[PDB]
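Add 5 to the 1-based position in the sequence shown for UniProt numbering, that's all there is to it. Ideal Cβ placement from N, Cα and C applies to all residues, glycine included. Below you'll find the structure, written out as structure tokens, and then a few comments.
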Amino acid sequence: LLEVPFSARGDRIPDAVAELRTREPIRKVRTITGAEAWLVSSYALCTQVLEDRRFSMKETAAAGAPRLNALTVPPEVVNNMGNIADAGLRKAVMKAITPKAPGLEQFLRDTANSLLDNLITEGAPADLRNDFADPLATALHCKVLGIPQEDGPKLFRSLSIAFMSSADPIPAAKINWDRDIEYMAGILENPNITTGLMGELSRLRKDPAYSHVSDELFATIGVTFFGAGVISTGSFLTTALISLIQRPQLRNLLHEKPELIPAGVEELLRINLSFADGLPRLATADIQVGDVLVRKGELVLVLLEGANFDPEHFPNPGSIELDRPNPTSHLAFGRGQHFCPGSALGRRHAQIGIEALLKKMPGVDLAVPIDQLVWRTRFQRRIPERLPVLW
Ligand code: HEM
Ligand SMILES: C=C[C@H](c1ccc(-c2ccc(O)c(Cl)c2)cc1)n1ccnc1
């Protein structure tokens, strides 16, 4: 039985995806746990699954369910956004993580420029993942959360385990989770934390309108939004920089006309291979998806690059075109009930990071042949362990 995932490489889509999409856009596969699942790979069927709440994220955590991979958080945290919504916290969380917070964008620009100046001083080769994209993501999320910048690196170092895609429970994930929760709980008790997401959660925790909300949920919001935001923005920016480096004509165009960078980033989102696995959902009813009657209790995997390279929806899907008529209609941020709450922040992180890099390093190029990149395995993102560049 066809095994998923197909390839940990984030620099090229396997030819097999287009064949599946054409012939079998919903197809039985085996996951790393040995479970069977339905892999959905067309824009039409991916959108159908993501927009039908009977394909449940929450129920993927149920004991005894077929699993894509092992939990790395407590099972109730899989329903984190539902818990946030039920607690009356959605609006406050969203307001806290907007890129338009006063001074946030300038902080992003200043941080990016400082990171780049240090790389220039040290001399090529430079590692754009470990010494640019990931520190930029980490610094951004410390600022957004309102926590000390110097605490970023230790929180960041949880994530190479936190976002593993493992067949089995990971003992280090429990250690790191418990430690990171204790940290966020202490932050909520720290009177000096008055800004950002944790400053606002700290205030709401003392507000009688929220007296019922548990300390557990407040700390969980901090751990989950830091982890999801840092891994997603650092990994997306890293692999978008590869796509851009691979396209010198586009790199030069965006350097010459940086007002096109938002359109460029939107296409880089569309062609991004950062998510290593399909998005998992558990059927809570018998539901017809294409030619397959998915049965209650079965696992469905929504393959984002299946949708995003679907030529019916995005003609010439492998080409970056800055004037498509349907440019934000990709699924890079998901779709439906679980659409990424951080989407605007993720866009802005990448836009500013790329703007800064192109100004400082207009000649940026890989310093090794592209096949020498080392792609992280058994992880929820596809990323190169190092991204060596020259300029
Ligand atoms: C370019 C950057 C990002 C990408 C590509 C991305 C991608 C995604 C995708 C595809 C989903 C849907 C998962 C699903 O439906 O199963 C998602 C959800 C989520 N994202 Fe993002 N994300 C990014 C940035 C962020 C940021 C900056 C934050 C927070 C600061 C964040 C926090 C979350 C959370 C908490 C969820 C879960 C939502 C829910 O369960 O309803 N993400 N993200
Ligand atoms: C399913 C939840 C997933 C998520 C997974 C793992 C973590 C995590 C963070 C720090 C840790 O120390 C450990 Cl061990 C785990 C956080 C979040 N997620 C993705 C978007 N929203 C939530």
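Between the stretch 133 to 150 and the stretch 113 to 124 there are three or more C-beta pairs closer than 8 Å, enough to call the two in contact. The three-state reading of DSSP puts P393 in strand, counting E and B together. Contact annotation: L73 and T36 have beta-carbon atoms nearer than 9 Å. Contact check between the stretch 259 to 268 and the stretch 172 to 191: fewer than three CB pairs, one atom from each, fall below 8 Å, which does not count as touching.
Counting along the chain, the unbroken beta strand (DSSP E) around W43 starts and ends at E41 to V45.
Taking non-hydrogen atoms of ligand 2 into account, the C-beta of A233 is found less than 8 Å away from one of them.
Nearest Cα to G234 within the set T52, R352, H318 and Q111: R352. Ranked by Cα distance from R252, the first of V369, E110 and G15 is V369. In terms of Cα proximity to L336, the closest of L287, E271 and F231 is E271.
Cβ neighbours of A42 within its own chain (closer than 6 Å, five residues either side excluded): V34, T36, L304 and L306.
Judged by DSSP in its simplified three-state form, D132 adopts strand. Under the criterion of beta carbons closer than 8 Å, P393 and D132 qualify as touching, at roughly 6 Å. Within the stretch 179 to 255, the complete alpha helix (DSSP H) runs of at least 4 residues fall at 201 to 210 and 220 to 250. In this structure, DSSP gives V305 an extended state, which the three-state scheme calls strand.
In the DSSP assignment, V299 falls within the unbroken beta strand (DSSP E) covering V297 to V299.
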